[PDB]
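Contents: one structure, followed by commentary.
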Amino acid sequence: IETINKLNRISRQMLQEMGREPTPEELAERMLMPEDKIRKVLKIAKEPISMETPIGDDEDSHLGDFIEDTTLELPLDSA
DNA sequence: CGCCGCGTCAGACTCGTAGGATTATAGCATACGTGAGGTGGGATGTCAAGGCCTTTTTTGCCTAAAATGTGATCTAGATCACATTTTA
Numbered sequence: 457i458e459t460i461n462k463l464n465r466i467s468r469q470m471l472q473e474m475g476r477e478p479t480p481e482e483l484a485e486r487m488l489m490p491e492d493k494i495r496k497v498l499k500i501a502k503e504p505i506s507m508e509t510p511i512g513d514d515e516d517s518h519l520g521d522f523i524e525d526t527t528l529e530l531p532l533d534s535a
């Protein structure tokens with residue numbers, strides 16, 4: 457959490473300075489820690505996106521309908 | 001008794017189209033456990049030569065014994081130009 461705070465606060469100032477966003481190269485430099493941890497945390501920062509959202513813009517497809525289950529078996533494999 | 005206000009509750013059906021989110025939240029110190037790493041060590045699994053038995057491959061061998069050789073003495077087939085001679 458603390459690492460994320462420092463990141464997203466510094467990215468604003470880097471946005472002022474550059475006029476653009478920072479890269480994990482430039483930001484791993486500014487963040488004092490190597491690119492592995494940066495990239496890692498960037499991979500961690502994502503949330504879930506709520507199956508009951510309407511990916512059909514019309515009330516046709518709540519996202520859960522789209523989802524496949526690849527867990528059970530296929531009858532051809534059984535045979 | 002008979003309004004009136006407020007609130008509850010349905011609004012056809014099968015296909016297709018697209019990807020998709022966002023704000024800001026302090027900071028460092030203590031101390032404890034769990035994940036990724038070492039590490040000898042039973043124990044399991046493998047691979048190359050040897051002793052029990054039967055079968056198989058050579059291989060003795062065992063005697064019936066029928067077969068393989070000895071060669072001078074024959075024999076019953078086999079020929080060819082001429083002289084007819086028969087048959088369709």
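Just add 456 to the spot in the first sequence (first one is 1) and you have PDB author numbering.
We put the CB at the ideal spot given by N, CA and C, even for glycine.
**Request:** Please confirm if the region 485 to 504 is in contact with the region 522 to 534, defined as three or more CB-CB distances below 8 angstroms between the two stretches.
**Result:** no
**Request:** Pick helix, strand or coil for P504, following the three-state DSSP scheme.
**Result:** coil
**Request:** Return the chain-ordered list of same chain residues with a C-beta closer than 7 angstroms to the C-beta of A501, the five sequence neighbours on each side being excluded.
**Result:** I460
**Item:** C-alpha gap between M470 and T509, whole angstroms
**Value:** 34 angstroms
**Request:** Can you say whether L528 is buried or exposed, counting buried as having 16 or more other CB atoms within 10 angstroms of its CB?
**Result:** exposed
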